[PDB]
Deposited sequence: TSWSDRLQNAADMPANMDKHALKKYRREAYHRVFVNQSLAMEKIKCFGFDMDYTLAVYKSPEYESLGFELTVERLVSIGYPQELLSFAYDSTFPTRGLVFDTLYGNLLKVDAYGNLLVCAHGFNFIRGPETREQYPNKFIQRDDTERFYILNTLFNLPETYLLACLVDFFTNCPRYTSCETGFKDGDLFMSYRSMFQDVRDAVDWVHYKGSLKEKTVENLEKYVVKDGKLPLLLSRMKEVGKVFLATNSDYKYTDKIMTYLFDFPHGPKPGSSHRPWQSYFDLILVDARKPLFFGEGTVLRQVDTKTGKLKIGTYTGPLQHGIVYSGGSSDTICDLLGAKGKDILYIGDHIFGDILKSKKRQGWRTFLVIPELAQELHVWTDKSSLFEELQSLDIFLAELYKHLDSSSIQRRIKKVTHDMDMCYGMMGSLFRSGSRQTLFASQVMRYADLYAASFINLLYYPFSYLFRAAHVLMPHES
């Protein structure tokens, strides 16, 4: 059972909008909205969305596997060895938010302070002492962006696995000599940095010039979660506020995906007339170029929705019914909808590029979708005894060395329940960078934004106050 299997199982259920049923349903962790900062829903006047992995949640592992395959095929087409074609995507390896170290060719899982939690070279998981040779302080300076690339999006899952596959392959292939910073093949030297750039380039190519979009749209049921409750929630949002779409995707792809997401024989509820997807939005903006969108943005353009091409010129006119925008900036949205930042709840999956930037640059309210939570929550509850034992061991150690090997064992067994690179949110008792960023920049979070459907219009989401140590 993948996280998208969980999401789709919940998607298949019709909405029981009885008030007691809703209250009962959102008690469950799976259908809950989690709160890092208090948020009064009555103050929200605009609800905004990203599309990819927010409205359109791609099914796992099928979509990652398609991405992986196409990226492999691209590398082979530019001259990588044929053996790459024997790789096959393995969803049990990558966890989101890993750091690729381009100097030494390692995948690293780090905490909020750059401390190493996990280090793998290819498929070899390096133990603490061997880690010190390359990381003397068990630390990386993560904003050294010339060296470190943080694999923070769900689109980065295939390349996370592919990087490890490639390091493994070159290491074990007798044609190459393993060196500290890459591989020697006679008079050719392939650094991990050059290899990483090739991978990054190929992933970008697959998305923008290759067949990934085409292959997705030709089998949307295979590749995209679909939920008849989506139009119900959007229609309810529109009763109390304005609704907007701001997506990096282009209009043609957006229209294909959104048309699919709304293709039911009814509109908001069973029995109601079907309505086009565009009718659910007060403002539709494509080619957003986030994160730049949250600063200067780009020139505001209008989409010719008949052709899918941009009209020639900058659009200087007002908001009108049926217009579709391209580019612009977050200020376009504010101006056209008559909103200030705190009137907006922006809903997305990209914890850096959208959620962090909308919060930091504009003071928008934020709702982070974390699709993996739909399954991570099942693991968390099913294996609560391991975490609780781990807590009790940390307690017992602190008030006091057979305990230390035991702390490692339980940490390992716990982490392995999630996958080879452990939980998105922690390794044993240590929180990841990703977890820290969620807590810091997402006001609200959940496995799906659909969980908003189970809270009433003016619900007050409450987080407990944070006190300093000297205040406690």
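**Request:** Spell out the unmodelled ranges of the deposited sequence for me, N- to C-terminal, numbering from the first residue.
**Result:** Gaps in the modelled chain, taken against the deposited sequence, amount to a single one at 401 to 406.
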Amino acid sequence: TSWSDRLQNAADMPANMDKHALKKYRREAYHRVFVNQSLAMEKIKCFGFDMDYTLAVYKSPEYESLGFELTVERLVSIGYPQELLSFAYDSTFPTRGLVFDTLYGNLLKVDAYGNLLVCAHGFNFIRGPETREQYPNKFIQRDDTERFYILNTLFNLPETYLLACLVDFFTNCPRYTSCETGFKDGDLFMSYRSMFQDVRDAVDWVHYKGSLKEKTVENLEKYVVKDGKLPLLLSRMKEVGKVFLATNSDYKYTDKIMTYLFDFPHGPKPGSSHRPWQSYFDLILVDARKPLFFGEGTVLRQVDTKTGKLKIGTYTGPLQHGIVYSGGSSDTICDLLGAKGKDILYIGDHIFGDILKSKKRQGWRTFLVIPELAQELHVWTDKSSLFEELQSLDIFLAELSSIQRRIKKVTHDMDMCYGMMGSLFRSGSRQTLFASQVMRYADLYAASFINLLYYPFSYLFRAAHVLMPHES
From here on, numbers count along this sequence of modelled residues.
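Highest mean C-alpha temperature factor of the two stretches 332 to 340 and 362 to 370, which is it? Result: 332 to 340.
Original post:
Quick one: higher average CA temperature factor, 421 to 429 or 23 to 31?
Top reply: Averaging CA B-factors over each stretch, the winner is 23 to 31.
| query | Which is it among 228, 186, 114, 122: the one with the largest CA B-factor in the entry? | reply | Answer for 228, 186, 114, 122: 186, with the highest C-alpha B-factor.
- Message: Using only the C-alpha B-factors in the record, can you name which of 252, 193, 142, 301 has the highest?
- Response: Comparing C-alpha B-factors across 252, 193, 142, 301, the maximum falls on 142.
- Message: Using the temperature factors of the C-alpha atoms in this entry, rank residue 106 within its chain: lowest, middle or highest third.
- Response: Within its chain, residue 106 is a lowest-third residue by C-alpha B-factor, going by the deposited values.
Practice item. Would you check the entry's CA temperature factor for residue 448 and let me know if it's in the chain's lowest, middle or highest third? Key: Lowest third of the chain for residue 448's C-alpha B-factor.
- [ ] Divide the modelled residues of the chain into thirds by Cα B-factor and specify which third, lowest, middle or highest, holds residue 325.
- [x] For residue 325, the deposited C-alpha B-factor lands in the middle third.
| query | What third of the chain, by the recorded C-alpha B-factor, contains residue 274? | reply | Lowest third - that is where residue 274 ends up once the chain's C-alpha B-factors are sorted.
When the modelled residues of the chain are sorted by Cα temperature factor, does residue 440 land in the lowest, middle or highest third?
-> Middle third - that is where residue 440 ends up once the chain's C-alpha B-factors are sorted.
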